[PDB]
Amino acid sequence: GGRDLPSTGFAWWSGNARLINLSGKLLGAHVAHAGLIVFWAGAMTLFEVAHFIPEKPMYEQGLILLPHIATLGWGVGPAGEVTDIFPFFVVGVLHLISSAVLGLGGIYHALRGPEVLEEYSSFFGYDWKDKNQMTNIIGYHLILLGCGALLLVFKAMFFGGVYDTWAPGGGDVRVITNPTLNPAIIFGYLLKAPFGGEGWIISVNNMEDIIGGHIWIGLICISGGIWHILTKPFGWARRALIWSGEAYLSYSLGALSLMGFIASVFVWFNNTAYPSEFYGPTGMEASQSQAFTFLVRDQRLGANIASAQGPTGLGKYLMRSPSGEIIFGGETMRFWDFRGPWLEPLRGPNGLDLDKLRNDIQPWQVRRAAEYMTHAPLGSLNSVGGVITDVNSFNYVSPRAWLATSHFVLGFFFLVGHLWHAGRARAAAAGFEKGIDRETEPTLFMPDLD
Amino acid sequence: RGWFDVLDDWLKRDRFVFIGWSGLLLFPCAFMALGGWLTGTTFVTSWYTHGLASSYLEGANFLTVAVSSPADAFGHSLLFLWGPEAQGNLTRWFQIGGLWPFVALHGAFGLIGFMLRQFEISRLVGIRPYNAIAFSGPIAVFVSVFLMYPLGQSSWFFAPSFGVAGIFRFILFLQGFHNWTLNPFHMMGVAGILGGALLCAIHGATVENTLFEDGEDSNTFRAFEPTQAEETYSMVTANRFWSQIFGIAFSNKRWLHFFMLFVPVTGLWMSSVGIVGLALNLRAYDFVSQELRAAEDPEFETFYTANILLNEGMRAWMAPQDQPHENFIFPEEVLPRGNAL
Amino acid sequence: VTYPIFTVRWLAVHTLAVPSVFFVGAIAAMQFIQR
Amino acid sequence: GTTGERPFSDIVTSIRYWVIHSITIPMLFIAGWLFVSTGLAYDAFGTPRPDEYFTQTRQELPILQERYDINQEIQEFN
Amino acid sequence: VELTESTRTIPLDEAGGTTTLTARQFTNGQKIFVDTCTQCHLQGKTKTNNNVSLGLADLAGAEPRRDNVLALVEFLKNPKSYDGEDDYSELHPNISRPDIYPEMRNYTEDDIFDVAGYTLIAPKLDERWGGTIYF
Amino acid sequence: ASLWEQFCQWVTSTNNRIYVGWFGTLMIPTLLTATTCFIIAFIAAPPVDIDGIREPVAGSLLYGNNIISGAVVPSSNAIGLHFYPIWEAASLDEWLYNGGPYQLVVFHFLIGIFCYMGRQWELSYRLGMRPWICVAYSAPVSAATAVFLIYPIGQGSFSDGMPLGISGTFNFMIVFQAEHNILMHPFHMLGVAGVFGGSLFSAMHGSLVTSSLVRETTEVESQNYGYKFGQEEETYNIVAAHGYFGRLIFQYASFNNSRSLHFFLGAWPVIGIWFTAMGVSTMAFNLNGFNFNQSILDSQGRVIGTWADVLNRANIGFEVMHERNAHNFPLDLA
Amino acid sequence: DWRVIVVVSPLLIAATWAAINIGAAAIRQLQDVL
Ligand code: CLA
Ligand code: CLA
Ligand code: CLA
Ligand code: CLA
Ligand code: CLA
Ligand SMILES: CC1=C(/C=C/C(C)=C/C=C/C(C)=C/C=C/C=C(C)/C=C/C=C(C)/C=C/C2=C(C)CCCC2(C)C)C(C)(C)CCC1
Ligand SMILES: CC1=C(/C=C/C(C)=C/C=C/C(C)=C/C=C/C=C(C)/C=C/C=C(C)/C=C/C2=C(C)CCCC2(C)C)C(C)(C)CCC1
Ligand SMILES: CC1=C(/C=C/C(C)=C/C=C/C(C)=C/C=C/C=C(C)/C=C/C=C(C)/C=C/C2=C(C)CCCC2(C)C)C(C)(C)CCC1
Ligand SMILES: CCCCCCCCCCCCO[C@@H]1O[C@H](CO)[C@@H](O[C@H]2O[C@H](CO)[C@@H](O)[C@H](O)[C@H]2O)[C@H](O)[C@H]1O
Ligand code: OEX
Ligand SMILES: [Ca+2]
Ligand SMILES: [Cl-]
Ligand SMILES: [Cl-]
Ligand SMILES: [Fe+2]
């Protein structure tokens, strides 16, 4: 393989393009990189464990990995209190050590192994233009992805459960026993609108629906894996797509961009798969928490919170949603679709119930609302909490804010990468990625426009 | 051979850094400006002129350091080191903000020296001097903003301070006190600057995507030679592309590049005219028809009236700390504020 | 071959670099000043 | 293609350049360090140390108000 | 000026007895304030109820008055309403309830003394301490 | 030979005066829809209760606005992120009161500009061009999506979208500074470097080319007649331009390669606008700019202000005055 | 002022060290420019 411009036509700043047709070095690149991902997982987990104060809420402490492990049900109890520090440490150590194994294997294949795998084995050696082998690799990796989704199902059903924030008695690690196998609910989540009140798949509000979706995903991915091992692409697919390594890269780039946007919105809105005991309140959660906190405070002073008009004529504490539901007032009218385990006990069939607001508010709901309104996902880049006009004394930016911003930006730049690699794949397959040929310039043969 | 021609020979020698006759103005003055900035932001306080820390020595960072403007009590005094305020005392000169007219005047003369350098090198090389004519835009902005605007005001205090957040303060100041967004001269500047950025992006992308295949590498950068006579990209294909995408296209490369000059330079000159207007408080602050209608009818609201309320609030809340020499005592009850904030 | 050491370019490089390193050492000392 | 000076890559890869600059650049660095850490920069530029923004007899901002006699004003401000 | 002895000299009780925190105790109280109190008591306000702030007039107006160290230490052990009538031990962070306030469960008696001392020293360093939410 | 193949050949035809293409089949209807509704709403739409507090803001020309103050006002805060098409309103007058035209115009416009980007790729493919002009156009698209879609999603209301008007744009900018300190956000700082530098490099490039034009005319006629459209030769001396600019600063600061220079021209403002679009898109989730309020304290602990503190006072003024009847509670949390 | 001497003496050390390491060739260049 050429490791310079004169022998490849690619500069140093585009060097990894020198690997496109070197499958062994490409595999080593791919495997060393996986090393890196598992390395960050393990080392970041060990960092977060070392900096963790377990009696303090995770979201106060700049943690984005321990909430993921805690949502799986490890090292936590009721209300997300940390029982034991050892499962988080175990997850870190196992990733870190394995990452050493993956890094050694990538270096081998990259530096010492055969540069092309096609002269060594037909099973592992691939040509990008060989549609059967490409779909075989899709198929192997789909069976593995389905096995991973079924492993999440097995953790929730058979090996200790997941954290359910919606659990009666308070949020707790519970074992899922009746997952939603009903395909109407599971795929009607896919059919729901990506707008307010509907939320597409971001609105999944119970662990039974989540675990049932992963049974179906596991089944769908395993079936699609066998499909693609046993079959070859059909004529419409062969005539519709570009068949090259850069093309398949760009297809994956568009896919990754879509999932990055979905992940940013998921962590910004959903409090079920991202429980607020670990990630802190959502922005909608915190705004409704402030409205509830001052409803409770002024009700304790003797305000008639239902008959109180504000300055505009709308109700100061309670008002009507556009479909009529009894909701909190002020600007949080926007957030009347919010649902949370601290709030839903005060909701009736028509919305917020006057009787429950008068004589069913518990002290823990007040405590949770005060904590969530003061841990709103508002913060500066140097991690100064609250509104931006506040002074420097509160060191806090929400993990929801960090995760959402990161993945939105990642998703955008991966769309840019999709456009770049798709466009280049199209031009390279069509033969003009290196520029216009002067003799056969296509515009010089076209008629004039006017 | 006379001494003038021998000196002209030495100053115009081909060397890593061209000096020229203009360098005698350019290189000390710029070194006085930039070093004067770098000294001030490292060491010099604004505690006696502004009541602010503005140096790395006081704990400020790169965003918050500045060579801040002088105290308002000096008016438009040039604040020479030997002048009647500092009287030769270097420490007092630093404390009263003499570094601001030091950097602003050495910068002015340095910018003059740079334009003279553009003219001199254009004459010696043998090209037309359109780089200097293009550089008049930045000189118009510097002269209007840093010199003419405080000269129309009470003092050098209200000039922009040579710092990041100090410039941001000046920006927000001209919003809340002058409604400078509402000024059409500024709006023409915004059009020119965003249009120049558009022209830069669109021209670079169009050239890089209509390149002729003049080489074998996927690296297309080495298929160009500076001594070649032919165009490296297709003007015809680019023109057809933009004619079918956008409706119109450039057909003349010379007009393309003159337009690329013309748009941001005209934007800078128009915004400079607006800044000269703001020097005398000749603002585009209000639409009097909408003010009279809103005064007589309290249901009428537009975005313009909302922005007027925003400016009112910023003025009242910012003025006591921003103009500490005025001793504005505004009690809490007189500050305009909406409900619950 | 047999290049001059001291040039106009030399003075240009040092006029900026020498107080640059002086100031960078000063700001580095500033990082350890306590309130 | 070259104006006549020694190329920078030939200079910064030479032993003599590093023999000289292995002392000259640390000496300039620690000279700036000693400019700050001895407190000389405070008296040179008139910048207050963290304990002289306010005195026992002045709790307000020392904003200059005299047109000319600023030496007496600053002394009074202390 | 420096952080003098008199700046760190604050009333200890209602009988005129005073106390003087050290610099170490002041910094420990400021650290406890940043780590635990500032989420609601940033700059001496109270984001959840600004009728009852950490300003000196509001601390003086409590029943009994809370502008001394002993009353502040008693409040953080048993928080009450502003008139001292309603039990607020399940509504305000306190050292007597670790089961609902685990963040305060490792704070010692001297930690509460220091944060009470910092609460008394911080209003005379800031004119905007304990004001309105936007100020 | 089939009717569908004839339609495919017409749609993808390089002989069309305006290229349609398959992306154009989406772009043309959407952009025409958003343009028609925008013009009609800008001239004649009734006032819109943008803040959901029954305080309708007049945006159209016929209701007392001028060109500067006119806007298509964003949809009601009561709507939030809810989908509000015409058919979900009980009447057209209700749809107009609640800011439905904003949702119609924005949604069609955003589809239209994404299909404009795809159409730019498509014509580059049909012309045998390199395909990355659409990558450059992705930067204004990212900024438009940031202010019309992403910031409303993060804040939970289209009411927080940039209004379709001049003074409404200024209102959006000012409230954004009040709530996010975008000036102190390093990505806006890259945006500003992007547009300032893009205008600088536009002027330098244009000035250097115009400075170095080959003599082909008289001084009576315009110099632009020295260029013939479709001529093979270069119209300026790149070596003279390089010999000027490498003496203006120094030799290796100057591009001798036209392709390298044109890449830099394309890349710098595109990257800057990408960064500031991500700044607005991340401030959507309230990851705000730098807060240095009371960062500097004297040895006693008294605040020593900086320019950031004065900027914060300006931000307070805006904030406590904006949407002055909307807030019922002490914190602006969204 | 001990502070001024303490600050200035690294500069004198740097100028001195560069002078011993460059002075023969600097004298040679000065003789070459007369
Ligand atoms: C995820 C990051 C990543 C990975 C995995 C690779 C991987 C690869 N690159 Mg790319 N590359 C990258 C980033 C990456 N690159 C970046 C950012 C650039 C821009 C600077 C380049 C520029 C580039 C060029 C220009 C070229 C490559 C080439 C290659 C391939 C051969 C490498 C070689 O010959 O190295 C030889 C290098 C060494 C022997 C030096 C030592 C390297 C080892 C791996 C150090 C590992 C240290 C580690 C701590 C040890 C752990 C050991 C154990 C405990 C696990 C290899 C598959 C070459 C290629 O295409 O081959 C045909 C090639 O020409 N790369
Ligand atoms: C998904 C990615 C992700 C996310 C959301 C977080 C989030 C967080 N991390 Mg983690 N971290 C990450 C990746 C991530 N990190 C990686 C990859 C590393 C290894 C380098 C670390 C190492 C790390 C440490 C060591 C620490 C954190 C900490 C933190 C917290 C504070 C962050 C902070 O102050 O940032 C400050 C913000 C910035 C530095 C801004 C960076 C801006 C980037 C460079 C913009 C890039 C844009 C784009 C991609 C560039 C493309 C250019 C081209 C396309 C044109 C926060 C919860 C801290 C904490 O509290 O932990 C307890 C902490 O101590 N992280
Ligand atoms: C995606 C990863 C990947 C892939 C596709 C390959 C593919 C290949 N490797 Mg490489 N390798 C990898 C990772 C990978 N390797 C890693 C991580 C290491 C470091 C441990 C190595 C170290 C390595 C060496 C040292 C050699 C190869 C060789 C080979 C070739 C022969 C394979 C063989 O004999 O299989 C048949 C073997 C088996 C079927 C038994 C192994 C079954 C696996 C290991 C057990 C289960 C996998 C795993 C534990 C499950 C969890 C993984 C986790 C990430 C989810 C083949 C091209 C050989 C070569 O270059 O040939 C010329 C060779 O000498 N590999
Ligand atoms: C990530 C894994 C993966 C990958 C890379 C592929 C890749 C491929 N599949 Mg496979 N597939 C997978 C998983 C995967 N599949 C799974 C899990 C299953 C089981 C359900 C199948 C079942 C399957 C079948 C049955 C067939 C393929 C076929 C194909 C080929 C053509 C696909 C195509 O043109 O789509 C492009 C998509 C279209 C042309 C449909 C247009 C519809 C619009 C555009 C959808 C827009 C939705 C919007 C963008 C996002 C909304 C999200 C959600 C609400 C829907 C291609 C090789 C085909 C083939 O050649 O068979 C061998 C084929 O017939 N796949
Ligand atoms: C998994 C995703 C993926 C993969 C496998 C590739 C693979 C490839 N890309 Mg693509 N690309 C991607 C995503 C991806 N890209 C994305 C998301 C974008 C949009 C930004 C691009 C944009 C892009 C362009 C514009 C080009 C490629 C090119 C290439 C080829 C050579 C790359 C190389 O050598 O880089 C070398 C690596 C470097 C020079 C270093 C990159 C430096 C970045 C900016 C660092 C970003 C900062 C980072 C966040 C961390 C911050 C650190 C900070 C603290 C200092 C190779 C086939 C080239 C090509 O077309 O070849 C055919 C090419 O010109 N890529
Ligand atoms: C190819 C290539 C590349 C890449 C490379 C890579 C990507 C890699 C890797 C690698 C890896 C991926 C690695 C690794 C590692 C790991 C390790 C080495 C580990 C470990 C461990 C340990 C030792 C641990 C320990 C511990 C424990 C056990 C617990 C406690 C804590 C502690 C930490 C102590 C580059 C770019 C350079 C370019 C060239 C070529
Ligand atoms: C797990 C879970 C779940 C579930 C889920 C599911 C069940 C799913 C799914 C999914 C799916 C089922 C998907 C998908 C997708 C698709 C796509 C994304 C596509 C596409 C497209 C394309 C790509 C195409 C393209 C094209 C065209 C357009 C035409 C021409 C040709 C081409 C190819 C170019 C739930 C939610 C329940 C809960 C939570 C958890
Ligand atoms: C004022 C005054 C004056 C003047 C002076 C001068 C002229 C001087 C100077 C000076 C100077 C001239 C200084 C300097 C400096 C510097 C600095 C301070 C630096 C820096 C830097 C840095 C820190 C950078 C960094 C970085 C970045 C950021 C990017 C990349 C990487 C690097 C590392 C490069 C006199 C005495 C005459 C008189 C009196 C007044
Ligand atoms: C590289 C950084 C460059 C920035 C400048 C660095 C230099 C360091 C500052 C030294 C300051 C010396 O401190 C101050 O100096 C001035 C000299 O102008 C002295 O000034 C004294 O002599 C001058 C000279 O006639 C009199 O006009 C003046 O009235 C008198 O006070 C002050 O008595 C002294 O307090
Ligand atoms: O609307 Mn539109 O501006 Ca977002 O922040 Mn809350 O909301 Mn309302 O206030 Mn501030
Ligand atoms: Ca806390
Ligand atoms: Cl407003
Ligand atoms: Cl509100
Ligand atoms: Fe050009």
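Order of the sequence lines sets the chain letters (A, B, ...), proteins ahead of strands, with each chain counted from 1. Computed from heavy atoms alone, side chains included, the values below leave out hydrogens, waters and symmetry copies.
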Measuring centre to centre across the rings, with the benzene-like ring taken for any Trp, is [X] within less than 6.0 Å of [Y]?
{"X": "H375(A)", "Y": "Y59(A)", "answer": "yes"}
{"X": "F269(A)", "Y": "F338(A)", "answer": "no"}
{"X": "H327(F)", "Y": "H322(F)", "answer": "yes"}
{"X": "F158(F)", "Y": "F107(F)", "answer": "yes"}
{"X": "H82(F)", "Y": "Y84(F)", "answer": "no"}

Option that, when pairs with chain F are counted at under 4.5 Å, heavy atom only, ranks first among [options]:
{"options": "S380(A), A430(A), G423(A), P322(A)", "answer": "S380(A)"}
{"options": "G313(A), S398(A), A291(A), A193(A)", "answer": "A291(A)"}
{"options": "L415(A), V416(A), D450(A), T443(A)", "answer": "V416(A)"}

By a 4.5 Å heavy-atom criterion (distance strictly below it), what part of [X] contacts chain A: side chain, backbone, both, or neither?
{"X": "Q155(F)", "value": "both"}
{"X": "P186(F)", "value": "side chain"}
{"X": "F292(F)", "value": "both"}
{"X": "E55(F)", "value": "neither"}
{"X": "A139(F)", "value": "neither"}

Completion exercise
Pair count under 4.5 Å, heavy atoms only, with chain A: among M129(F), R54(F), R126(F), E319(F), highest is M129(F)
Exercise for the section: Flag the one option from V303(F), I79(F), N325(F), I150(F) with the top tally of heavy-atom pairs under 4.5 Å to chain A. Expected result: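 Looking at each of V303(F), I79(F), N325(F), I150(F) in turn, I150(F) comes out on top.
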Handout entry: Stepwise side chain to side chain contact (heavy atoms under 4.5 Å, CB included) test for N288(F) and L381(A)
Key = CA-CA 6 Å; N288(F) 297 321; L381(A) 199 53; over 6 Å; no
